[PDB]
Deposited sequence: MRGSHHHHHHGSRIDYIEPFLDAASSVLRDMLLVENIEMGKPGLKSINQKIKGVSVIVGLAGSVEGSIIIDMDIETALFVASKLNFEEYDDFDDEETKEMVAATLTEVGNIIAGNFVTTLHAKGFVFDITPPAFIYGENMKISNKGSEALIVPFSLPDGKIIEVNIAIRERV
């Protein structure tokens, strides 16, 4: 079986720590169960079917976008801050997912990813569930939580 749990945890933690440079992105307790706000979705294709989903509240989304662009964004409803917020978070998703599938030439398959999707002002993105789910919360210095989820399709 494709052993993705460790590769996933390593990719998620590794990328966040390398991109957001704020001392202490703490890995929470991985759990089978869950998380409005925003959500980034990167589909996993090829031999495995699934997806990588990153969710956080609006405040956290602005905080993260602010740190990554080295400039303050405090109005997610501003028409161009919203543009950069979306583009920044989806790119974080793209990098986590890419590094993840890359550490997979540890298997005799092929693991592809799709362009990312940004779902904000969302319904607690019901991306429902009938396949291996794993939610991993990462805490930023303040109360801000970024949850990285991977659902492979057994």
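Self-check item: Gaps in the model (deposited sequence, numbered from 1)
Solution: Seq positions lacking coordinates: 1-12, 48-51, 171-172.
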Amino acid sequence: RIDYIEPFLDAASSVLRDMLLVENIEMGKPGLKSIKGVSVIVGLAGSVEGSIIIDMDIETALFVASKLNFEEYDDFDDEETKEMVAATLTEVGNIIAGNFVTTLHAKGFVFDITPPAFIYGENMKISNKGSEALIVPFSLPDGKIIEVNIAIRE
From here on, numbers count along this sequence of modelled residues.
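Quiz item: Comparing 96-104 with 117-125, where is the mean C-alpha B-factor higher?
Solution: Between 117-125 and 96-104, it is 117-125 that shows the higher mean C-alpha B-factor.
Quiz item: Once you work out the mean C-alpha B-factor for both 4-12 and 144-152 from the entry, which is higher?
Solution: Averaging CA B-factors over each stretch, the winner is 144-152.
Self-check item: Residue selected from 90, 60, 34, 69 by maximal Cα B factor
Solution: Highest CA B-factor of the listed options: 34.
Exercise. Sort the modelled residues of this chain by their C-alpha B factor and say whether residue 45 lands in the lowest, middle or highest third.
Key: Middle third.
Quiz item: Taking the C-alpha B-factors as the PDB entry records them, is residue 110 in the lowest, middle or highest third of its chain?
Solution: As the PDB entry reports it, the C-alpha B-factor of residue 110 lands in the highest third of its chain.
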